[PDB]
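Remarks on the structure that follows.
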Number of protein chains: 2
Amino acid sequence: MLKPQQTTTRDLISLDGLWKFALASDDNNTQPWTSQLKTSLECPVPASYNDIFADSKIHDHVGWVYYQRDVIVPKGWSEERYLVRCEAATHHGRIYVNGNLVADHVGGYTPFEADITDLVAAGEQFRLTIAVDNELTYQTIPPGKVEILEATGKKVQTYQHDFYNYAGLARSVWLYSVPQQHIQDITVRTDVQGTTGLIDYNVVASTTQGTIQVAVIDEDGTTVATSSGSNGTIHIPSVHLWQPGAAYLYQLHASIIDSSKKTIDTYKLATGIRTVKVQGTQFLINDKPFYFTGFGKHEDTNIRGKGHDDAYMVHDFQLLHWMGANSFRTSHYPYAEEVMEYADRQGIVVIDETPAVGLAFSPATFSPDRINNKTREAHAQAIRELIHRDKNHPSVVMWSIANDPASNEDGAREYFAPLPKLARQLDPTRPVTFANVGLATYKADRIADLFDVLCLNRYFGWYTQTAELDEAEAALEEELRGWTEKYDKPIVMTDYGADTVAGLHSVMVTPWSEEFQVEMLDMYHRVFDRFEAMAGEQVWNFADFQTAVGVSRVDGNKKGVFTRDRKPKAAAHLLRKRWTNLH
Amino acid sequence: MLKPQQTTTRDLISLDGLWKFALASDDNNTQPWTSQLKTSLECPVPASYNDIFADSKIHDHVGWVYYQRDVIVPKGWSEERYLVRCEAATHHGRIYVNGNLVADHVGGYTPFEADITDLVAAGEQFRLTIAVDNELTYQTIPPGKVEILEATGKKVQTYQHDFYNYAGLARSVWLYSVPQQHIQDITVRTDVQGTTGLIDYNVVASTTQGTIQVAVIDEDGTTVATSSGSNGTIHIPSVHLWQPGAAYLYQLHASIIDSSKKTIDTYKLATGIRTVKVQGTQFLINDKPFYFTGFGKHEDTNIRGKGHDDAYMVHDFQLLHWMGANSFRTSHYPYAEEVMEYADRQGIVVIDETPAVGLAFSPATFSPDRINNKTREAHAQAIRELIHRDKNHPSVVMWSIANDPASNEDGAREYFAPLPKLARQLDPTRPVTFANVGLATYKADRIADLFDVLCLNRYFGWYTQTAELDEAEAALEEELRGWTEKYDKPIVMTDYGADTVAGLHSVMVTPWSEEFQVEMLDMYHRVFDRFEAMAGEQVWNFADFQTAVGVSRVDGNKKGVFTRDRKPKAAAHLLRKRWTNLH
Ligand SMILES: CC1(C)[C@@H](O[C@H]2O[C@H](C(=O)O)[C@@H](O)[C@H](O)[C@H]2O)CC[C@]2(C)[C@H]3C(=O)C=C4[C@@H]5C[C@@](C)(C(=O)O)CC[C@]5(C)CC[C@@]4(C)[C@]3(C)CC[C@@H]12
Ligand SMILES: CC1(C)[C@@H](O[C@H]2O[C@H](C(=O)O)[C@@H](O)[C@H](O)[C@H]2O)CC[C@]2(C)[C@H]3C(=O)C=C4[C@@H]5C[C@@](C)(C(=O)O)CC[C@]5(C)CC[C@@]4(C)[C@]3(C)CC[C@@H]12
């Protein structure tokens, strides 16, 4: 259902705070959800659990963990319907109401919930256990594989993506209420015809006893259009368009109305009116060419891992404005909903991406014993959930289906083909892409024609023609010539950068130095400006972030333009110089 | 010839200073050495040239470079014989006297010289040009291979060892004089009978008209013994032995005496009376069991590359005493002669190693198109030169023939077999070893039985069972159990460590972190003390040093226990605690 909010007809209780916490063990205490959890450990809830406790065993845990607390259902919610929702459980979440299992959810970055109305009475207290598993298989969405170390028998988790596999309840948890007759979902699609905006709306409600009313109210509070019935099309004369650096949001009020025109339910949905179209080599927002600038990001901060953080979000956006970035990509999984809402308000453009990284074992990637049909089912599901949650965001401008898949290999085409079709059928208003890895050159890639925009990740400077920028430059523009020659589509570089340690400086060409980072980005830009077909540049990455451990990762990925704590490297100042002065 | 010194009969002029410097190029000036060099560039000589100039083209240069200066032979040197000597030219040096080639030397780390007596008159000035080439082939001592980048034509140098291929005149240059009848070489060998010390000596001198006297003088200037003739045996009653941690050096004056008892030539040779023996599993110095503590090192400092530096030498030795290290290994090439002399006086023990690192392409490494018989000729030459130079140092206790050869492969035994014998045949006073890489396990290695002591380099914690210390413990232990049950020899660990950035800290098990470094060294020690056959532990590395450019090297190699500028990481304090509280 829709993201809960408080209305005149709905109440909303945060369940954030400290919960009791335990790992699964191998004792008789199988089934921790059947009684009061016995632990001194408390884990804060919007957070990944891994780095919270300064304990290796928790950090390295493979398998299930348990969060628990008591909840009291407000006494005045008899006569109403009520749910427990996890905005996200990374990767597999189970909800229990006193020992009854009431939801079982497999994706790691989208919402799930359970209607507990008939299990617990208003004003009753219950024990809420939420079990979350972190295990990845070749069928989970980021896929991976658990192994056992021979000598010690320690379980270990392998996977093919960079960022660390933080787990837990990294986003907030809620108790909320709706009326018996309630709104469940709303879809809004926005076109523009001259100066007139139009909203195609569709409301889905638990009942059609009593009817649906809509009002559309502008930023000044004046009702600018009205409509009746669950589905319809509204015109808005002289619209204020939502624009890439000037957000404008109307506010769509969907209500359920009884025989007496008495409101029995209501929901307020923020709406930006704007259009995305791809025309040849151009990416058009409101019929005008747009050029992405900004980053691929990560949900990653010092202690709470991937947990949502209001402050770092608002700061992160301020830093985007400060350097004149107009966009980012939700690199390698959907971010928290609040980020998308905030982007809507900040006038920031978003490439919104599924959790589908790691579909590459370079052993044939797309085969029965690796990334097969059952993985595609999970991928299809990821696509549906992402789209079902983020479809109404004006800031969301395109769907990214995957990141660095092995789109050069046999089987890749048979695997991906249905997916861009599924997306476009779920949401026909946005174009679809994926992020292409170096191995799938314009010659070798077998999947690119099935997409509306091409996104490329490239590290010519760093990984291959190492510190040889003149060699990287030639190879970069060879590759881009190939792509422009072969496809009539917009090109966005979604990765390009260099690991860089704050304070490490050199007047020579030296990788891992701030000078090198600047020089490489600056070369890439020179090359970008040589190609009419370029529609965007998003540096990798906004900020240093944590990775699986490895002799080649210096306490994480240090390709950030800011440090993990958001201090700017020289690179940051270079981008600021370029993005505040370019078109 | 012997390392030149000033005596009553010999003069010695330093030619260190700034020299004019030029890269070779494709100009109508093939042949720089034939006229005054045209450059504004001056390179200081005891220095590698690569980082001096803050210029990428000089640094990345592949091939020849030219140093030049004017030199004046003293007017008072008529009636004498005189030479120009390079202590070292990395890797291939040529000496030119006004356009005449007079020396052509091929290894990068040993002396060469030319007698110019008849080409330049006393009191004459001449133009001294020394050409030095950096190119590594599969036949050079560190071997390597030059390649050409496809798009640009940049000439580039590949090789298989870590440390950066610094080139140039990294050690001092000299003009010196010797009488017509002179001492060319001395060999001293030292045994003990009870409390009497016995010096076996042999003097090689240019002629025999008039004879050889020898005097042995103690640290007090008291002549303690004498002898006549170009070779013989000197008896020293109640000898002051040379000991690890308590140097004592006698001073052996070889003279040439004419028909009158008038001195014609004299040379003063520092000697320490000491024996080295391997009996089963023990390493014995003066019939007392010995345990190595310290480091593999590198000649490497911030701007002068491999340039010898007195301050860093004295300081580095001071840091060794501070942490109670008693030894180091001349990791990957012979060090400056002056370091060996200083080790003699400091009572520091030395594993002295040839430049033969990188004999490993893991394609078969020991074949005609890789390490082949001509390569083995170069290797044999390197062994001869090293032994010829460092034969008289009591500090030097064992020759290391190579570092990380692929001694697990077919052909490796046929390649190395002659090499231990050659060393033992040139110098029968010391054991011979080599440093064994992880591929070459106790099972797989096929070379180890030809050596007197086994040295192992092992990185279980860092490179293989990464951050998994218990897993590394088990595999380290297994391995060592394999070597001890298979050979009756001393086992010295010569590499073990982890990249560690100063300042990077963590309460968790975190590679590259100061805490991790300590946790790993500490564990390795725990395993060492379980095995009676261990004869030494030498950490890799003493200090952070520069390497070739690469995404897995953070502006060089950071496995130092000290920083490049010699600041202690947490690990330095751990070793200090360990080595000062045990023998
Ligand atoms: C690592 C990935 C998957 C890709 O994404 C990465 O982004 C960031 C990073 O690189 O640091 C991090 O977020 C994280 O590490 C990853 O998600 C970056 C590109 C990537 C490293 C590819 C390459 O860079 C280049 C490769 C070349 C291609 C080719 C044709 C060549 O250049 O000659 C063959 C050789 C080689 C090394 C094959 C591997 C890839 C495709 C590589 C390393 C794969 C992984 C990519
Ligand atoms: C790099 C060397 C030659 C060795 O010496 C180096 O020490 C330091 C360093 O590693 O950075 C520096 O001083 C410098 O770079 C070198 O002198 C260190 C060990 C070394 C890296 C080996 C390993 O660490 C482990 C390897 C494993 C072992 C293997 C084959 C097995 O026996 O089962 C499994 C796979 C692998 C990766 C094969 C390579 C080696 C033997 C490796 C990397 C070889 C190079 C070694």
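Naming scheme: A, B, ... for chains in displayed order of the structure tokens; residues 1 onward per chain; ligands 1 onward as shown.
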Interface residues on chain A facing chain B, 8 Å, only C-alpha atoms, written as a PyMOL selection string: chain A and resi 54-56+149+151-152+462-463+466-467+470-471+474-475+507-513+549-555
How would the residues just picked look written out with N, CA, C and O atoms as a compact mmCIF listing (two decimals), in the first residue's frame?
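Contents of again30.txt, freshly written:
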# COMPACT_ATOMS: atom_id res chain seq x y z
N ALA A 54 30.54 -3.18 17.42
CA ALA A 54 31.98 -3.36 17.63
C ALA A 54 32.26 -4.77 18.06
O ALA A 54 32.99 -5.01 19.00
N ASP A 55 31.63 -5.71 17.37
CA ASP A 55 31.76 -7.13 17.70
C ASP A 55 31.85 -7.87 16.37
O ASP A 55 30.96 -7.78 15.56
N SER A 56 32.95 -8.57 16.14
CA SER A 56 33.20 -9.24 14.87
C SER A 56 32.14 -10.27 14.50
O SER A 56 31.80 -10.44 13.33
N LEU A 149 34.84 -21.86 5.21
CA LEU A 149 36.26 -21.95 5.32
C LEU A 149 36.67 -23.34 5.89
O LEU A 149 36.21 -23.77 6.97
N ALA A 151 39.44 -24.74 7.20
CA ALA A 151 40.15 -25.05 8.41
C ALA A 151 39.31 -24.82 9.64
O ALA A 151 39.29 -25.65 10.53
N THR A 152 38.57 -23.71 9.68
CA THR A 152 37.83 -23.34 10.90
C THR A 152 36.34 -23.55 10.85
O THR A 152 35.69 -23.40 11.85
N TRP A 462 41.97 4.31 -14.67
CA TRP A 462 42.34 3.73 -13.40
C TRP A 462 42.70 2.23 -13.51
O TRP A 462 43.80 1.82 -13.17
N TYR A 463 41.77 1.41 -14.00
CA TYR A 463 41.95 -0.06 -13.96
C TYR A 463 42.80 -0.69 -15.13
O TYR A 463 43.40 -1.74 -14.96
N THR A 466 46.69 2.22 -16.80
CA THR A 466 46.86 2.69 -15.43
C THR A 466 47.85 3.82 -15.37
O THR A 466 49.05 3.64 -15.65
N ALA A 467 47.32 4.97 -14.98
CA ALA A 467 48.06 6.23 -14.89
C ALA A 467 48.51 6.77 -16.25
O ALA A 467 49.21 7.80 -16.31
N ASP A 470 46.87 9.60 -21.46
CA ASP A 470 46.92 9.78 -22.91
C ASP A 470 46.49 8.50 -23.56
O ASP A 470 45.73 8.53 -24.50
N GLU A 471 46.93 7.37 -23.03
CA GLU A 471 46.44 6.07 -23.53
C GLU A 471 44.96 5.89 -23.19
O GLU A 471 44.19 5.41 -24.02
N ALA A 474 42.71 8.07 -25.65
CA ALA A 474 42.51 7.43 -26.96
C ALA A 474 41.53 6.29 -26.88
O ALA A 474 40.70 6.16 -27.75
N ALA A 475 41.62 5.45 -25.84
CA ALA A 475 40.75 4.27 -25.74
C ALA A 475 39.30 4.64 -25.36
O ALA A 475 38.34 3.99 -25.81
N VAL A 507 52.84 16.05 -7.22
CA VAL A 507 52.97 16.87 -8.44
C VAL A 507 53.22 16.00 -9.67
O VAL A 507 53.18 16.48 -10.79
N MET A 508 53.51 14.73 -9.44
CA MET A 508 53.60 13.73 -10.52
C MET A 508 52.22 13.11 -10.80
O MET A 508 51.27 13.31 -10.07
N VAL A 509 52.14 12.34 -11.86
CA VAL A 509 50.89 11.64 -12.19
C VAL A 509 50.84 10.43 -11.26
O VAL A 509 51.58 9.43 -11.50
N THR A 510 50.07 10.51 -10.18
CA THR A 510 50.16 9.41 -9.24
C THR A 510 48.79 8.96 -8.74
O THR A 510 48.13 9.69 -7.99
N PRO A 511 48.36 7.75 -9.15
CA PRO A 511 47.09 7.20 -8.77
C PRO A 511 46.97 7.13 -7.26
O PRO A 511 47.95 6.82 -6.61
N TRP A 512 45.79 7.42 -6.73
CA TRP A 512 45.57 7.40 -5.29
C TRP A 512 45.94 8.74 -4.67
O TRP A 512 46.02 8.88 -3.45
N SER A 513 46.15 9.74 -5.53
CA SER A 513 46.52 11.07 -5.08
C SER A 513 45.34 11.92 -5.55
O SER A 513 44.64 11.57 -6.49
N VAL A 549 35.94 -6.82 2.43
CA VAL A 549 37.34 -6.75 2.75
C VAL A 549 38.16 -7.30 1.61
O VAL A 549 37.71 -8.16 0.91
N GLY A 550 39.35 -6.77 1.42
CA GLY A 550 40.18 -7.15 0.27
C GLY A 550 41.48 -6.33 0.24
O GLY A 550 41.49 -5.11 0.55
N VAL A 551 42.57 -6.99 -0.15
CA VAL A 551 43.87 -6.30 -0.34
C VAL A 551 43.83 -5.11 -1.31
O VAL A 551 44.73 -4.29 -1.28
N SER A 552 42.80 -5.03 -2.16
CA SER A 552 42.62 -3.91 -3.14
C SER A 552 41.61 -2.83 -2.74
O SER A 552 41.34 -1.90 -3.52
N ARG A 553 41.04 -2.98 -1.53
CA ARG A 553 40.12 -1.99 -0.98
C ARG A 553 40.71 -1.53 0.32
O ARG A 553 40.88 -2.31 1.24
N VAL A 554 41.06 -0.27 0.34
CA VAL A 554 41.67 0.37 1.48
C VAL A 554 40.60 0.78 2.46
O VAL A 554 40.14 1.89 2.43
N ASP A 555 40.22 -0.14 3.33
CA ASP A 555 39.14 0.10 4.28
C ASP A 555 37.96 0.65 3.55
O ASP A 555 37.32 1.56 4.03
Nearby residues, ligand 1, 6 Å, only C-alpha atoms and all ligand atoms, as an MDAnalysis selection string: chainID A and resid 161:162 404 437:439 458:459 463:464
Identify, on the basis of only C-alpha atoms, every residue whose closest approach to segment 248-263 of chain A does not exceed 10 Å; exclude the query and any residue fewer than 5 positions from it along the same chain; express the result as a PDB file with N, CA and C atoms, in the first residue's frame.
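File produced: part.pdb:
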ATOM      1  N   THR A   8      -6.603  13.180   8.813  1.00  0.00           N
ATOM      2  CA  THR A   8      -7.814  13.250   9.659  1.00  0.00           C
ATOM      3  C   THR A   8      -8.467  11.884   9.831  1.00  0.00           C
ATOM      4  N   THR A   9      -8.138  10.957   8.918  1.00  0.00           N
ATOM      5  CA  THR A   9      -8.695   9.603   8.896  1.00  0.00           C
ATOM      6  C   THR A   9      -7.678   8.482   9.185  1.00  0.00           C
ATOM      7  N   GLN A 181     -12.972   1.194   4.801  1.00  0.00           N
ATOM      8  CA  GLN A 181     -12.930   1.628   3.438  1.00  0.00           C
ATOM      9  C   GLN A 181     -11.712   2.521   3.345  1.00  0.00           C
ATOM     10  N   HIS A 182     -10.689   2.048   2.649  1.00  0.00           N
ATOM     11  CA  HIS A 182      -9.515   2.864   2.502  1.00  0.00           C
ATOM     12  C   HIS A 182      -8.916   2.859   1.107  1.00  0.00           C
ATOM     13  N   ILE A 183      -8.168   3.926   0.828  1.00  0.00           N
ATOM     14  CA  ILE A 183      -7.305   3.978  -0.348  1.00  0.00           C
ATOM     15  C   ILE A 183      -6.019   3.151  -0.144  1.00  0.00           C
ATOM     16  N   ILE A 186      -2.533   4.666  -5.452  1.00  0.00           N
ATOM     17  CA  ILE A 186      -2.862   5.726  -6.375  1.00  0.00           C
ATOM     18  C   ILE A 186      -1.789   5.755  -7.427  1.00  0.00           C
ATOM     19  N   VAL A 188      -0.463   8.230 -10.664  1.00  0.00           N
ATOM     20  CA  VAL A 188      -0.572   9.518 -11.365  1.00  0.00           C
ATOM     21  C   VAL A 188       0.404   9.576 -12.522  1.00  0.00           C
ATOM     22  N   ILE A 199      -3.294  15.457 -15.501  1.00  0.00           N
ATOM     23  CA  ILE A 199      -3.094  14.313 -14.643  1.00  0.00           C
ATOM     24  C   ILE A 199      -4.031  13.166 -15.021  1.00  0.00           C
ATOM     25  N   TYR A 201      -5.199   9.918 -13.498  1.00  0.00           N
ATOM     26  CA  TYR A 201      -5.131   9.322 -12.172  1.00  0.00           C
ATOM     27  C   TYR A 201      -5.929   8.097 -12.111  1.00  0.00           C
ATOM     28  N   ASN A 202      -5.499   7.230 -11.227  1.00  0.00           N
ATOM     29  CA  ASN A 202      -6.224   6.036 -10.960  1.00  0.00           C
ATOM     30  C   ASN A 202      -6.106   5.734  -9.498  1.00  0.00           C
ATOM     31  N   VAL A 203      -7.227   5.601  -8.805  1.00  0.00           N
ATOM     32  CA  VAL A 203      -7.225   5.311  -7.360  1.00  0.00           C
ATOM     33  C   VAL A 203      -7.733   3.903  -7.153  1.00  0.00           C
ATOM     34  N   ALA A 205      -9.144   1.455  -4.181  1.00  0.00           N
ATOM     35  CA  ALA A 205      -9.710   1.496  -2.832  1.00  0.00           C
ATOM     36  C   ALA A 205     -10.365   0.160  -2.401  1.00  0.00           C
ATOM     37  N   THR A 207     -13.015  -0.451  -0.840  1.00  0.00           N
ATOM     38  CA  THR A 207     -14.377  -0.526  -1.358  1.00  0.00           C
ATOM     39  C   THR A 207     -14.876   0.630  -2.234  1.00  0.00           C
ATOM     40  N   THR A 208     -15.890   0.271  -3.020  1.00  0.00           N
ATOM     41  CA  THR A 208     -16.651   1.156  -3.901  1.00  0.00           C
ATOM     42  C   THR A 208     -18.069   1.427  -3.334  1.00  0.00           C
ATOM     43  N   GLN A 209     -18.301   1.066  -2.064  1.00  0.00           N
ATOM     44  CA  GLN A 209     -19.453   1.573  -1.301  1.00  0.00           C
ATOM     45  C   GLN A 209     -19.107   3.019  -0.904  1.00  0.00           C
ATOM     46  N   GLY A 210     -19.814   3.982  -1.461  1.00  0.00           N
ATOM     47  CA  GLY A 210     -19.352   5.350  -1.332  1.00  0.00           C
ATOM     48  C   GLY A 210     -18.191   5.573  -2.288  1.00  0.00           C
ATOM     49  N   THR A 211     -18.003   6.822  -2.675  1.00  0.00           N
ATOM     50  CA  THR A 211     -17.302   7.138  -3.903  1.00  0.00           C
ATOM     51  C   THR A 211     -16.008   7.925  -3.709  1.00  0.00           C
ATOM     52  N   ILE A 212     -15.320   8.112  -4.822  1.00  0.00           N
ATOM     53  CA  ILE A 212     -14.032   8.789  -4.837  1.00  0.00           C
ATOM     54  C   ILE A 212     -14.060  10.210  -5.401  1.00  0.00           C
ATOM     55  N   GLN A 213     -13.466  11.124  -4.635  1.00  0.00           N
ATOM     56  CA  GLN A 213     -13.343  12.545  -4.976  1.00  0.00           C
ATOM     57  C   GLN A 213     -11.873  12.922  -5.004  1.00  0.00           C
ATOM     58  N   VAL A 214     -11.527  13.824  -5.910  1.00  0.00           N
ATOM     59  CA  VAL A 214     -10.185  14.297  -6.060  1.00  0.00           C
ATOM     60  C   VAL A 214     -10.201  15.806  -6.101  1.00  0.00           C
ATOM     61  N   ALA A 215      -9.221  16.401  -5.431  1.00  0.00           N
ATOM     62  CA  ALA A 215      -8.937  17.813  -5.598  1.00  0.00           C
ATOM     63  C   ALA A 215      -7.452  17.943  -5.837  1.00  0.00           C
ATOM     64  N   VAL A 216      -7.085  18.958  -6.593  1.00  0.00           N
ATOM     65  CA  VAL A 216      -5.718  19.258  -6.889  1.00  0.00           C
ATOM     66  C   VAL A 216      -5.480  20.671  -6.435  1.00  0.00           C
ATOM     67  N   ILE A 217      -4.560  20.842  -5.502  1.00  0.00           N
ATOM     68  CA  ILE A 217      -4.365  22.121  -4.853  1.00  0.00           C
ATOM     69  C   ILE A 217      -2.926  22.566  -5.129  1.00  0.00           C
ATOM     70  N   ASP A 218      -2.751  23.833  -5.486  1.00  0.00           N
ATOM     71  CA  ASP A 218      -1.445  24.366  -5.842  1.00  0.00           C
ATOM     72  C   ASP A 218      -0.620  24.767  -4.614  1.00  0.00           C
ATOM     73  N   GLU A 219       0.619  25.179  -4.831  1.00  0.00           N
ATOM     74  CA  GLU A 219       1.488  25.564  -3.707  1.00  0.00           C
ATOM     75  C   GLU A 219       0.972  26.710  -2.826  1.00  0.00           C
ATOM     76  N   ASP A 220       0.058  27.538  -3.350  1.00  0.00           N
ATOM     77  CA  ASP A 220      -0.622  28.609  -2.592  1.00  0.00           C
ATOM     78  C   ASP A 220      -1.866  28.140  -1.855  1.00  0.00           C
ATOM     79  N   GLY A 221      -2.273  26.884  -2.006  1.00  0.00           N
ATOM     80  CA  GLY A 221      -3.501  26.395  -1.336  1.00  0.00           C
ATOM     81  C   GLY A 221      -4.838  26.570  -2.074  1.00  0.00           C
ATOM     82  N   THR A 223      -7.532  25.482  -4.813  1.00  0.00           N
ATOM     83  CA  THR A 223      -7.917  24.279  -5.532  1.00  0.00           C
ATOM     84  C   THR A 223      -7.967  24.597  -7.015  1.00  0.00           C
ATOM     85  N   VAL A 224      -7.175  23.907  -7.814  1.00  0.00           N
ATOM     86  CA  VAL A 224      -6.999  24.311  -9.203  1.00  0.00           C
ATOM     87  C   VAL A 224      -7.726  23.372 -10.216  1.00  0.00           C
ATOM     88  N   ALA A 225      -8.231  22.253  -9.711  1.00  0.00           N
ATOM     89  CA  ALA A 225      -9.037  21.310 -10.500  1.00  0.00           C
ATOM     90  C   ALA A 225      -9.714  20.334  -9.568  1.00  0.00           C
ATOM     91  N   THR A 226     -10.814  19.754 -10.039  1.00  0.00           N
ATOM     92  CA  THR A 226     -11.544  18.722  -9.299  1.00  0.00           C
ATOM     93  C   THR A 226     -11.979  17.594 -10.231  1.00  0.00           C
ATOM     94  N   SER A 227     -12.185  16.421  -9.634  1.00  0.00           N
ATOM     95  CA  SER A 227     -12.683  15.278 -10.369  1.00  0.00           C
ATOM     96  C   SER A 227     -13.436  14.282  -9.473  1.00  0.00           C
ATOM     97  N   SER A 228     -14.347  13.497 -10.059  1.00  0.00           N
ATOM     98  CA  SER A 228     -15.065  12.439  -9.314  1.00  0.00           C
ATOM     99  C   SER A 228     -14.799  11.068  -9.898  1.00  0.00           C
ATOM    100  N   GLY A 229     -14.843  10.028  -9.075  1.00  0.00           N
ATOM    101  CA  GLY A 229     -14.632   8.671  -9.569  1.00  0.00           C
ATOM    102  C   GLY A 229     -13.189   8.192  -9.445  1.00  0.00           C
ATOM    103  N   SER A 230     -13.038   6.874  -9.377  1.00  0.00           N
ATOM    104  CA  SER A 230     -11.747   6.233  -9.037  1.00  0.00           C
ATOM    105  C   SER A 230     -10.688   6.443 -10.113  1.00  0.00           C
ATOM    106  N   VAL A 239      -0.378  25.477 -16.153  1.00  0.00           N
ATOM    107  CA  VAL A 239       0.354  24.746 -15.113  1.00  0.00           C
ATOM    108  C   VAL A 239       1.653  25.382 -14.764  1.00  0.00           C
ATOM    109  N   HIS A 240       2.030  25.289 -13.494  1.00  0.00           N
ATOM    110  CA  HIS A 240       3.440  25.380 -13.128  1.00  0.00           C
ATOM    111  C   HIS A 240       4.104  23.985 -13.209  1.00  0.00           C
ATOM    112  N   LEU A 241       4.885  23.794 -14.271  1.00  0.00           N
ATOM    113  CA  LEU A 241       5.676  22.579 -14.503  1.00  0.00           C
ATOM    114  C   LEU A 241       6.690  22.346 -13.406  1.00  0.00           C
ATOM    115  N   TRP A 242       6.962  21.079 -13.113  1.00  0.00           N
ATOM    116  CA  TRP A 242       8.077  20.699 -12.272  1.00  0.00           C
ATOM    117  C   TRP A 242       9.291  20.773 -13.171  1.00  0.00           C
ATOM    118  N   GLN A 243      10.311  21.510 -12.767  1.00  0.00           N
ATOM    119  CA  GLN A 243      11.502  21.647 -13.596  1.00  0.00           C
ATOM    120  C   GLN A 243      12.763  21.232 -12.859  1.00  0.00           C
ATOM    121  N   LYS A 268      -3.066  12.470   0.755  1.00  0.00           N
ATOM    122  CA  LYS A 268      -2.438  13.587   0.087  1.00  0.00           C
ATOM    123  C   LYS A 268      -1.186  13.118  -0.650  1.00  0.00           C
ATOM    124  N   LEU A 269      -1.227  13.174  -1.974  1.00  0.00           N
ATOM    125  CA  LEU A 269      -0.134  12.749  -2.829  1.00  0.00           C
ATOM    126  C   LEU A 269       0.511  13.907  -3.610  1.00  0.00           C
ATOM    127  N   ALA A 270       1.797  14.148  -3.336  1.00  0.00           N
ATOM    128  CA  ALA A 270       2.564  15.173  -4.012  1.00  0.00           C
ATOM    129  C   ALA A 270       2.833  14.833  -5.465  1.00  0.00           C
ATOM    130  N   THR A 271       2.610  15.794  -6.361  1.00  0.00           N
ATOM    131  CA  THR A 271       2.667  15.565  -7.791  1.00  0.00           C
ATOM    132  C   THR A 271       3.400  16.666  -8.533  1.00  0.00           C
ATOM    133  N   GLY A 272       4.356  16.243  -9.360  1.00  0.00           N
ATOM    134  CA  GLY A 272       5.042  17.156 -10.275  1.00  0.00           C
ATOM    135  C   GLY A 272       4.622  16.893 -11.697  1.00  0.00           C
ATOM    136  N   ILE A 273       4.283  17.921 -12.445  1.00  0.00           N
ATOM    137  CA  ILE A 273       3.802  17.735 -13.801  1.00  0.00           C
ATOM    138  C   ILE A 273       4.926  17.972 -14.751  1.00  0.00           C
ATOM    139  N   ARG A 274       5.279  16.965 -15.533  1.00  0.00           N
ATOM    140  CA  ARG A 274       6.458  17.027 -16.356  1.00  0.00           C
ATOM    141  C   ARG A 274       6.505  15.791 -17.232  1.00  0.00           C
ATOM    142  N   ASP A 344      12.136  15.216  -5.150  1.00  0.00           N
ATOM    143  CA  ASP A 344      10.992  15.920  -5.754  1.00  0.00           C
ATOM    144  C   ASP A 344      10.937  17.375  -5.325  1.00  0.00           C
ATOM    145  N   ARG A 345      11.132  17.613  -4.035  1.00  0.00           N
ATOM    146  CA  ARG A 345      11.108  18.968  -3.510  1.00  0.00           C
ATOM    147  C   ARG A 345      12.352  19.813  -3.865  1.00  0.00           C
ATOM    148  N   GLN A 346      13.504  19.152  -3.958  1.00  0.00           N
ATOM    149  CA  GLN A 346      14.756  19.850  -4.262  1.00  0.00           C
ATOM    150  C   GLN A 346      15.004  20.133  -5.761  1.00  0.00           C
ATOM    151  N   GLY A 347      14.132  19.630  -6.629  1.00  0.00           N
ATOM    152  CA  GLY A 347      14.307  19.767  -8.076  1.00  0.00           C
ATOM    153  C   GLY A 347      15.464  18.935  -8.593  1.00  0.00           C
ATOM    154  N   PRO A 394       8.043  12.753  -9.652  1.00  0.00           N
ATOM    155  CA  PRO A 394       8.534  13.530 -10.776  1.00  0.00           C
ATOM    156  C   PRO A 394      10.028  13.475 -10.883  1.00  0.00           C
TER     157      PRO A 394
END
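Across the structure, atom CA of residue 305 of chain A and atom CA of residue 385 of chain A are spaced 23.0 Å apart.
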Between atom CA of residue 360 of chain A and atom CA of residue 405 of chain A, distance in Å (one decimal): 5.3 Å
